[PDB]
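Q: These protein sequence lines map, in sequence, to chains A and B. Residue 474 in the authors' numbering sits at position 87 of the first sequence, with consecutive numbering throughout. Residue 368 in the authors' numbering sits at position 351 of the second sequence, with consecutive numbering throughout. No residue lacks a Cβ here, since even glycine has one placed at the ideal position from N, Cα and C. One structure coming up, written as structure tokens, with questions to follow.
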Amino acid sequence: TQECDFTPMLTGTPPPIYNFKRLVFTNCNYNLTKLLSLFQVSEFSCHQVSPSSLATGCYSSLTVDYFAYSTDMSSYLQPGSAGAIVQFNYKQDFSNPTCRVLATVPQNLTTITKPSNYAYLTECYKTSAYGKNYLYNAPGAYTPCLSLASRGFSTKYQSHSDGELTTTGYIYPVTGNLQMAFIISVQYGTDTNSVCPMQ
Amino acid sequence: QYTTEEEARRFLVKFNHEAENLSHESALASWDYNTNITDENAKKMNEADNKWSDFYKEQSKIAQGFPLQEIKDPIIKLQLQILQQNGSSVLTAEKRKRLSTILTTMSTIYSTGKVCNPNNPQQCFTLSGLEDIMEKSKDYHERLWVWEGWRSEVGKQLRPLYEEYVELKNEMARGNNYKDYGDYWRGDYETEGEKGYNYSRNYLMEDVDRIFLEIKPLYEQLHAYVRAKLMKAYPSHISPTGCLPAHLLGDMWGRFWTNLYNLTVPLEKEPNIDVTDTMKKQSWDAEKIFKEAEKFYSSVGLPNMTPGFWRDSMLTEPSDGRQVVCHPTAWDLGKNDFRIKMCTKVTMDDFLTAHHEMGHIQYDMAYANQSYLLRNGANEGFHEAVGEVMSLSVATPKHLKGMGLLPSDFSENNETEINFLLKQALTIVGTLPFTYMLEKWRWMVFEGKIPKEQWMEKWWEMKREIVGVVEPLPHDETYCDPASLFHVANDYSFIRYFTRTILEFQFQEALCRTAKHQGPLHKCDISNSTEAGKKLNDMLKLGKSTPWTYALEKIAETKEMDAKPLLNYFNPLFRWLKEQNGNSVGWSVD
Ligand SMILES: *[C@@H]1O[C@H](CO)[C@@H](O[C@@H]2O[C@H](CO)[C@@H](O)[C@H](O)[C@H]2NC(C)=O)[C@H](O)[C@H]1NC(C)=O
Ligand SMILES: *[C@@H]1O[C@H](CO)[C@@H](O[C@@H]2O[C@H](CO)[C@@H](O)[C@H](O)[C@H]2NC(C)=O)[C@H](O)[C@H]1NC(C)=O
Ligand SMILES: *[C@@H]1O[C@H](CO)[C@@H](O[C@@H]2O[C@H](CO)[C@@H](O)[C@H](O)[C@H]2NC(C)=O)[C@H](O)[C@H]1NC(C)=O
Ligand SMILES: *[C@@H]1O[C@H](CO)[C@@H](O[C@@H]2O[C@H](CO)[C@@H](O)[C@H](O)[C@H]2NC(C)=O)[C@H](O)[C@H]1NC(C)=O
Ligand SMILES: *[C@@H]1O[C@H](CO)[C@@H](O[C@@H]2O[C@H](CO)[C@@H](O)[C@H](O)[C@H]2NC(C)=O)[C@H](O)[C@H]1NC(C)=O
Ligand SMILES: *[C@@H]1O[C@H](CO)[C@@H](O[C@@H]2O[C@H](CO)[C@@H](O)[C@H](O)[C@H]2NC(C)=O)[C@H](O)[C@H]1NC(C)=O
Ligand SMILES: *[C@@H]1O[C@H](CO)[C@@H](O)[C@H](O)[C@H]1NC(C)=O
Ligand SMILES: *[C@@H]1O[C@H](CO)[C@@H](O)[C@H](O)[C@H]1NC(C)=O
Ligand SMILES: *[C@@H]1O[C@H](CO)[C@@H](O)[C@H](O)[C@H]1NC(C)=O
């Protein structure tokens with residue numbers, strides 16, 4: 388029907404992977420080849436769908452999660468790989484069709500603002516007298532250490548605590564252009580599929 | 018209010034909250050020095066270690082307000098036993114100053130050692146020159162000068178220092194409710210628990226005596242073979258049924274027999290397996306070696322490395338002007354920070370020291386959710402045994418052929434298996450009577466069963482009854498020949514090299530029968546089997562929170578150490594040596 392706006396995805400600074408931003412769409416008209424031509428797509432790993440069928444079907448809803456993420460560490464977002472990524476930062480949900488795009492945001496796209504460092508969390512737990520009680524993530528949900536991690540990390544392995552909860556960050560600087568990551572999940576409605584391609 | 022155990026829980030939570038944040042600073046300040054040696058980086062290391070020591074001493078002073086007989090939980094009791102632990106702070110200030118002066122005077126005397134010839138004295142080698150003279154010399158009169166000169170220019174001075182070090186350490190050990198310093202050293206293997214899982218300090222001596230009397234026949238056959246080859250090497254000097262002279266066994270102390278491999282070789286017409294040329298023709302570098310090691314560890318079910326392992330580790334020697342230390346270590350800095358410092362060169366010997374050094378990181382990644390005090394191996398020998406049980410699986414031709422290094426048409430005849438088992442035995446079984454004899458002599462010295470007039474009458478009697486090694490020159494009661502070893506002058510325990518060779522073939526014989534092996538044990542390969550990784554990780558995850566007999570039951574299904582899996586490894590060699598030697602086995606004590 389109406390045009391969906393990608394200027395939420397095309398302004399400001401893309402946040403780190405633990406504090407990812409969601410872009411739930413409902414009842415509009417998309418053209419994903421307009422979106423994916425602004426970037427340099429280096430990976431299009433999909434699950435239970437093809438990249439051809441992602442831009443042709445009508446859905447009831449459309450969701451996009453985007454964050455700043457270097458393409459070096461592209462072998463940690465892969466489904467099944469218990470690592471300081473899928474345990475503490477972002478675990479992809481697989482009871483739905485999804486695709487994972489990794490971009491290489493160019494110099495001409497000046498509307499994106501480059502951050503200072505990339506960042507992720509190396510542990511998020513709760514202390515005891517017997518050890519550490521790790522708090523693993525949930526599929527598609529935020530980490531429980533998000534209210535602690537939103538104070539800012541300044542050095543590698545700089546912890547933050549309030550009561551029993553503890554987190555630990557890790558930062559490293561940005562070289563070259565910016566690289567992002569787009570997790571594009573769809574959902575099939577039973578009766579009304581009003582998110583159709585733009586014709 | 019609360020009872021004593023809840024006060025203990027609150028104190029341990031307050032310790033664990035502040036220890037993690039302060040230990041990583043002291044570890045990162047040392048990592049920034051060991052990979053970049055300047056004078057600006059050797060000051061921050063000392064400041065961070067002083068902050069850590071001033072935290073630890075105050076918490077240990079606080080921790081003595083809890084009587085140990087009121088705790089009912091095992092883990093809180095285990096964490097308060099480590100914390101109370103008075104240590105060397107039981108002497109007076111004068112005794113403490115004198116002990117700290119003796120312990121560095123002995124290391125200073127050992128480290129600066131200089132020996133010149135009784136010939137033309139223009140050559141005066143250091144320690145690293147005399148270690149290289151005795152390693153590759155086939156002369157009876159060179160090694161005799163080097164042996165006698167090192168034991169008369171270093172061990173002659175350490176005797177009036179060792180005679181006071183023994184007494185001061187015994188006075189330090191009779192302040193913490195022990196008997197001698199030997200009891201303080203054998204309290205490393207003491208646990209407590211339910212029926213069957215306990216272990217005392219007075220049982221370790223009986224256990225190592227039982228294991229050595231079980232292991233002695235294979236050593237007698239190996240000693241007879243090495244003596245029959247050395248009789249061909251040096252004529253008219255070695256008796257056909259006597260002991261071996263002390264200055265002919267490979268190196269200065271006779272610890273490893275590895276350098277006798279060019280003398281005591283089997284049927285020599287068999288060039289060995291050297292995949293260095295095939296690795297250089299395929300253009301392998303350090304990153305490819307560590308990626309292949311991570312593929313091997315992921316093949317059995319253990320997790321992958323952190324992303325802060327490929328960005329902070331020093332996997333190659335630098336070229337931007339830094340000065341480094343090139344001894345390979347594996348680091349465990351703190352809050353999920355695992356780094357490896359290693360000067361990797363493209364060879365076959367640095368392909369095994371990557372699978373060894375990543376065997377410590379995979380252990381430190383497994384007990385990482387324990388407390389601060391309980392993040393160690395279950396013993397002092399558990400940590401270097403699990404790293405050596407997985408370097409046995411990658412040097413086999415079952416593994417080097419499936420990786421593409423060896424060609425597919427390789428000939429594994431029995432004359433290549435004997436030539437490999439002998440080179441394994443000359444480093445593994447040739448060093449167990451030496452280790453057991455040295456630790457038994459030190460225990461008898463610290464106990465008081467050897468008075469100071471018999472420190473050399475009992476050293477060379479034990480070295481003839483146990484090791485089977487005679488002296489070339491009569492050493493009277495003014496030398497100190499044990500004190501001319503590195504671990505004796507620098508105050509280290511030596512039984513951790515005996516209780517590590519046993520729990521390595523005990524691990525391998527249990528991991529190979531759960532990976533469904535069919536054949537001899539020396540051709541096994543635990544790759545591509547996720548059933549062996551589960552039995553490994555059920556031991557690795559415990560840390561130090563359980564008694565080590567329970568953690569040994571988790572793999573080997575037996576709560577005692579035994580030398581029956583060691584004699585199952587070397588069984589083709591033990592069948593071949595009995596055919597080669599005949600009935601010349603044994604020695605006469607002369
Ligand atoms: C979707 O967006 C693209 C933006 O690039 C629109 O533009 C066309 O894209 C194709 C694909 O490369 C080109 O061959 C055309 O020349 C582009 N046309 C113009 C005017 O630039 C495309 O039209 C959009 N899709 C629909 C169905 O309108
Ligand atoms: C530390 O991690 C280990 C491994 O996850 C935990 O130990 C096991 O936890 C499971 C819970 O799913 C239990 O069913 C097992 O019985 C536990 N095994 C042992 C040997 O304890 C352990 O709980 C973690 N530490 C803390 C304090 O939770
Ligand atoms: C090795 O250590 C030296 C210490 O002298 C480091 O030199 C310092 O580096 C920091 C940040 O790079 C500067 O702020 C200091 O001014 C430097 N000090 C001096 C005296 O030059 C050096 O950077 C270290 N090497 C590496 C690769 O980090
Ligand atoms: C560690 O040493 C301290 C002394 O520094 C011991 O504390 C003493 O304990 C006795 C109880 O038998 C008290 O009568 C003393 O007053 C204590 N002295 C001080 C200075 O507090 C402590 O018992 C020792 N602990 C162990 C395990 O040896
Ligand atoms: C574990 O503890 C038990 C104590 O319950 C030890 O058993 C005793 O061993 C001594 C040996 O000097 C005997 O004199 C006692 O009669 C034994 N007690 C009982 C009740 O049988 C046992 O030796 C310990 N195990 C280890 C390996 O140290
Ligand atoms: C472990 O198992 C894997 C898979 O079963 C082996 O990998 C294959 O090895 C064959 C060699 O005959 C190659 O042709 C294949 O291309 C390999 N597949 C992959 C996905 O790499 C591996 O060689 C086995 N390793 C050992 C030591 O047995
Ligand atoms: C920006 O785009 C124009 C054409 O669209 C191209 O000519 C120019 O080189 C681009 N700038 C950069 C920095 O790549
Ligand atoms: C043993 O022989 C090899 C090859 O013949 C040689 O490189 C090595 O130096 C020899 N070592 C000793 C101790 O003789
Ligand atoms: C072991 O090697 C010898 C070579 O001396 C050979 O004669 C013998 O047949 C081999 N053993 C077996 C079981 O083939």
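Is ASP291 (chain B) buried or exposed, if buried means 16 or more other CB atoms sit within 10 Å of its CB?
A: To locate residue 291 (chain B), count along the second sequence from 1; it is residue 274. With fewer than 16 other Cβ atoms within 10 Å, it is exposed.
Q: Grab the span of the beta strand (DSSP E) containing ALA490 (chain A) for me, first residue to last.
A: For the purposes of this step, residue 490 (chain A) is taken as the residue at position 103 of the first sequence. Unbroken beta strand (DSSP E) run through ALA490 (chain A): 485-490.
Q: Any beta carbon of chain A sitting closer than 8 Å to that of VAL30 (chain B)?
A: Your numbering for residue 30 (chain B) matches position 13 in the second sequence. Yes - at least one Cβ of chain A is within 8 Å of the one on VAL30 (chain B).
Q: For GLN545 (chain A) and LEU350 (chain B), I'd like the C-alpha separation in whole angstroms.
A: Within the first sequence, the letter at position 158 stands for residue 545 (chain A). Within the second sequence, the letter at position 333 stands for residue 350 (chain B). Answer to the nearest angstrom: the Cα atoms are 13 Å apart.
Q: Looking at chain A, which residues of the segment 345-372 of chain B have a Cβ within less than 9 Å of any of its Cβ atoms?
A: Cβ contacts with chain A: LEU350, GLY351, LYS352, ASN353, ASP354.
Q: Report the residue from B:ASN585, B:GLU526, B:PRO450, B:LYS153 whose alpha carbon sits nearest the alpha carbon of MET269 (chain B).
A: As a working mapping, residue 269 (chain B) is identified with position 252 in the second sequence. The residue with the shortest Cα to Cα distance from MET269 (chain B) is B:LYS153.
Q: Would you call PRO499 (chain B) buried or exposed, if buried means 16 or more other Cβ atoms sit within 10 Å of its Cβ?
A: In the second sequence, the residue the question calls residue 499 (chain B) occupies position 482. Looking at its Cβ environment, which holds 16 or more other Cβ atoms inside 10 Å, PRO499 (chain B) is buried.
Q: Starting from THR121 (chain B), follow the alpha helix (DSSP H) in both directions and report where the run begins and ends.
A: Stepping through the second sequence from its first residue, residue 121 (chain B) is reached at position 104. Element bounds for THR121 (chain B): 110-128.
Q: Where does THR450 (chain A) sit, in a helix, a strand or coil, going by DSSP?
A: Sequence index remark: in the first sequence, residue 450 (chain A) carries index 63 (1-based). DSSP places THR450 (chain A) in strand when its eight states are reduced to three.
Q: Would you check if the segment 140-160 of chain B and the segment 253-272 of chain B touch, i.e. whether three or more CB-CB distances between them fall below 8 Å?
A: Judged by Cβ distances under 8 Å, the segment 253-272 of chain B makes contact with the segment 140-160 of chain B, as three or more pairs qualify.
Q: Straight-line CA distance for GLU304 (chain B) to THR361 (chain B)?
A: Here residue 304 (chain B) is taken as the residue at index 287 of the second sequence, counted from 1. Here residue 361 (chain B) is taken as the residue at index 344 of the second sequence, counted from 1. Distance between the alpha carbons of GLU304 (chain B) and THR361 (chain B) is about 9 Å.
Q: Under a three-way DSSP split, which group does residue 609 (chain B) fall into?
A: Residue 609 (chain B) cannot be examined here, being either before or after the span of chain B that is shown, 18 to 607.
Q: With a cut-off of 8 Å on the beta carbons, I'd call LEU489 (chain A) and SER461 (chain A) a contact; round off their distance for me.
A: Position 102 of the first sequence, counting from 1, holds the residue named residue 489 (chain A). Position 74 of the first sequence, counting from 1, holds the residue named residue 461 (chain A). Yes, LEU489 (chain A) and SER461 (chain A) are in contact; Cβ-Cβ is about 6 Å, under 8 Å.
Q: Output needed in chain order: residues of the segment 93-107 of chain B with a Cβ under 7 Å from some Cβ in chain A.
A: Here the close residues are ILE93.
Q: From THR398 (chain A) to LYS501 (chain A), what does the alpha carbon distance come to, in whole angstroms?
A: By one-based count along the first sequence, residue 398 (chain A) stands at place 11. By one-based count along the first sequence, residue 501 (chain A) stands at place 114. Computed Cα separation, rounded: 11 Å.
Q: Give me the DSSP bridge partner(s) of residue 334 (chain A).
A: Given that chain A is displayed from residue 388 to residue 586, the structure contains no residue 334 (chain A) and the question cannot be resolved.
Q: Strictly below 9 Å CB to CB, what residues from chain A border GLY325 (chain B)?
A: To locate residue 325 (chain B), count along the second sequence from 1; it is residue 308. What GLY325 (chain B) touches in chain A: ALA471, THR509, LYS543, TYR544, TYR557, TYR559.
Q: Taking C-beta pairs closer than 8 Å, name the residues in chain A that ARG328 (chain B) reaches, listed in chain order.
A: As a position in the second sequence, residue 328 (chain B) is number 311, starting the count at 1. The contacting residues are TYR559.
Q: Please check the pair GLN479 (chain A) and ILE570 (chain A), which I expect to be a contact at CB under 8 Å, by giving their CB distance rounded to whole angstroms.
A: Here residue 479 (chain A) corresponds to residue number 92 of the first sequence, with the count starting at 1. Here residue 570 (chain A) corresponds to residue number 183 of the first sequence, with the count starting at 1. Contact flag correct, Cβ pair sits at about 6 Å.
Q: Straight-line CA distance for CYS433 (chain A) to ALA528 (chain A)?
A: Position 46 of the first sequence, counted from the first residue, corresponds to residue 433 (chain A). Position 141 of the first sequence, counted from the first residue, corresponds to residue 528 (chain A). Answer to the nearest angstrom: the Cα atoms are 20 Å apart.
Q: Can you tell me where the beta strand (DSSP E) holding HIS434 (chain A) begins and where it ends?
A: Along the first sequence, one-based indexing puts residue 434 (chain A) at 47. Looking at the DSSP string, the run of the beta strand (DSSP E) that includes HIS434 (chain A) is 430-434.
Q: Do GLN586 (chain A) and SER447 (chain A) have their C-beta atoms closer together than 8 Å?
A: One-based indexing of the first sequence puts residue 586 (chain A) at position 199. One-based indexing of the first sequence puts residue 447 (chain A) at position 60. Their beta carbons are not under 8 Å apart, which means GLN586 (chain A) does not touch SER447 (chain A) by this criterion.
Q: Give me the Cα-Cα distance between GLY485 (chain B) and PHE515 (chain B), rounded to the nearest whole angstrom.
A: Walking along the second sequence from the start, residue 485 (chain B) turns up at place 468. Walking along the second sequence from the start, residue 515 (chain B) turns up at place 498. So the two alpha carbons sit approximately 18 Å from each other.
Q: Threshold first: 3 residues or longer. Then list the beta strand (DSSP E) segments lying entirely within the segment 291-351 of chain B, N to C.
A: The segment 291-351 of chain B contains these whole beta strand (DSSP E) runs: 346-351.
Q: Assign residue 608 (chain B) to one of three DSSP states: helix, strand, or coil.
A: Since the first residue shown for chain B is 18 and the last is 607, residue 608 (chain B) is missing from the structure and cannot be characterised.
Q: For a minimum of 4 consecutive residues, which ranges assigned as the alpha helix (DSSP H) are wholly contained in the segment 138-200 of chain B?
A: Those alpha helix (DSSP H) runs which fall completely within the segment 138-200 of chain B and span 4+ residues are 144-150, 157-170, 176-190.
Q: Looking at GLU152 (chain B) and ligand 8, is the gap between the Cβ and the nearest heavy atom below 7 Å?
A: Numbered from its first residue, the second sequence carries residue 152 (chain B) at position 135. Yes, since a heavy atom of ligand 8 falls inside the 7 Å radius drawn around the Cβ of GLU152 (chain B).
Q: Give me, in chain order, the residues of the same chain whose beta-carbon lies closer than 8 Å to that of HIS492 (chain B); leave out the 5 immediate sequence neighbours on both sides.
A: Position 475 of the second sequence, counted from the start, is the residue given in the question as residue 492 (chain B). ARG168, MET473, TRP477, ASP498, listed in sequence order.
Q: Can you check which of these residues, B:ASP226, B:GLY192, B:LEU161, is closest to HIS254 (chain B) by C-alpha distance?
A: For the purposes of this step, residue 254 (chain B) is identified with residue 237 of the second sequence, where counting begins at 1. Per the Cα distances, B:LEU161.
Q: Could you spell out where the beta strand (DSSP E) holding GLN81 (chain B) opens and where it closes?
A: For the purposes of this step, residue 81 (chain B) is identified with residue 64 of the second sequence, where counting begins at 1. No beta strand (DSSP E) holds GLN81 (chain B); DSSP gives it neither H nor E.
Q: Is there at least one non-hydrogen atom of ligand 6 closer than 7 Å to the beta-carbon of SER408 (chain B)?
A: Locating residue 408 (chain B) in the second sequence gives position 391, counting from the first residue. No, ligand 6 has no heavy atom inside 7 Å of this Cβ.
Q: Is it true that the CB of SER544 (chain B) sits closer than 8 Å to the CB of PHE307 (chain B)?
A: As a first step, residue 307 (chain B) is located in the second sequence; it is residue number 290 there, counting from the start. As a first step, residue 544 (chain B) is located in the second sequence; it is residue number 527 there, counting from the start. No, these two residues do not count as a Cβ contact at 8 Å.
Q: Closer than 7 Å: is that where the CB of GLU432 (chain B) sits relative to any heavy atom of ligand 9?
A: Start at 1 with the first residue of the second sequence, and residue 432 (chain B) comes out as number 415. For ligand 9, at least one heavy atom lies less than 7 Å from the Cβ of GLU432 (chain B).
Q: Residues of chain A with a CB under 8 Å from the CB of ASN321 (chain B): which are they?
A: Within the second sequence, residue 321 (chain B) is the residue found at index 304, counting from 1. Chain A residues near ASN321 (chain B): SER468, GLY470.
Q: Since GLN387 (chain B) meets chain A, which of its residues come closer than 9 Å, beta carbon to beta carbon?
A: Start at 1 with the first residue of the second sequence, and residue 387 (chain B) comes out as number 370. Per Cβ cutoff of 9 Å: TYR517, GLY518, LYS519.
Q: In terms of alpha-carbon separation, which member of B:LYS440, B:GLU170, B:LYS571, B:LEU559 lies closest to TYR517 (chain A)?
A: For the purposes of this step, residue 517 (chain A) is taken as residue 130 along the first sequence, with counting starting at 1. Ranking the options by Cα distance to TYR517 (chain A), first place goes to B:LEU559.
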